[PDB]
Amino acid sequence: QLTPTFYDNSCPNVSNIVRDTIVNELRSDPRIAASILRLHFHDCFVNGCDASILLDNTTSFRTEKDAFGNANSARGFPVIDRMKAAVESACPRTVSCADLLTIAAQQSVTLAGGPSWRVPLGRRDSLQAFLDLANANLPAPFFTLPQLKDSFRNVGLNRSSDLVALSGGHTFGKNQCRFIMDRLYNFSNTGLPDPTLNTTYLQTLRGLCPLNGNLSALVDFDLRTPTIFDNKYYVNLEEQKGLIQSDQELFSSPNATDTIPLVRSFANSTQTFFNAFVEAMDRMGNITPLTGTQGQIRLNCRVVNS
């Protein structure tokens, strides 16, 4: 069983060391908090939160960093290396990379203005990486609501609240033009934009992402508060201003009978959203963890101990 007090005797200063690292990095890269939360998400959706995503290539297994959902997208790995080294100095061979990334995600959310809570701990690190599994398990922005629900259920998150609350991670961070080009100019081979995208916002996005333009250009997920972790993401959905297809479907899909009330509830109350987010975050953080003597306490998050 994972417990929030796991390091209270062996490394009481772990959370503060992680926080300090992120605070320092945010000065030069205001996107790092968002990037770190996403790393935890992509770690947990592939064989559980076991830091498998942090492993680099070996001749026996490929890195998850080359998965369609991570390649030229996932970022912040050097920052994780930095905090890991600092924690290793303070508490040698004690904190797993899996737990470190979990704490980093929570601290990132709090630093961005979100809720503050102590995440359950005790996870251990994987002995391998899973590229094929990452390609199969990571959801895509073009997924329909049924597909999004399928993706979450596949890893153990059955609740629509899990899906709606965790999607709130898009209250900050960036998204490449490539992922919305269809919504802007030719959605589902109709030769027309996605009808569920507010037409005024459609114009703004087309200006940022012109046809045949730079597909790697970055746009903000939340037009209201781009870097602040709050419930504005849901207010956007209510106005048909969700950035990617998967965002807007939570409110506009024909299969959204169960998600619409959740979107409204979170848009109506920060407290309601924050409570649901913490609850969902801990549930995601509880996906098939290695515990006890299973796996290792990786010294270098990029490679298995030898």
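All residue numbers refer to positions in the sequence shown, first residue = 1.
- The stretch 79 to 87 shows the higher mean C-alpha B-factor when 79 to 87 is compared against 100 to 108 in the entry.
- According to the PDB record, 30 to 38 carries the higher mean C-alpha B-factor of the two stretches 43 to 51 and 30 to 38.
- Considering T59, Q248, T63, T259 together, the PDB entry gives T59 the largest C-alpha B factor.
- Per the deposited record, the Cα B-factor of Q271 falls in the highest third when ranked against the other modelled residues of its chain.
- Ranked within its chain, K149 lands in the lowest third, by CA B factor from the PDB record.
- Ranked within its chain, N72 lands in the highest third, by CA B factor from the PDB record.
- Sorting the modelled residues of the chain by their CA temperature factor places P139 in the lowest third.
- When the modelled residues of the chain are ordered by C-alpha B-factor, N231 sits in the middle third.
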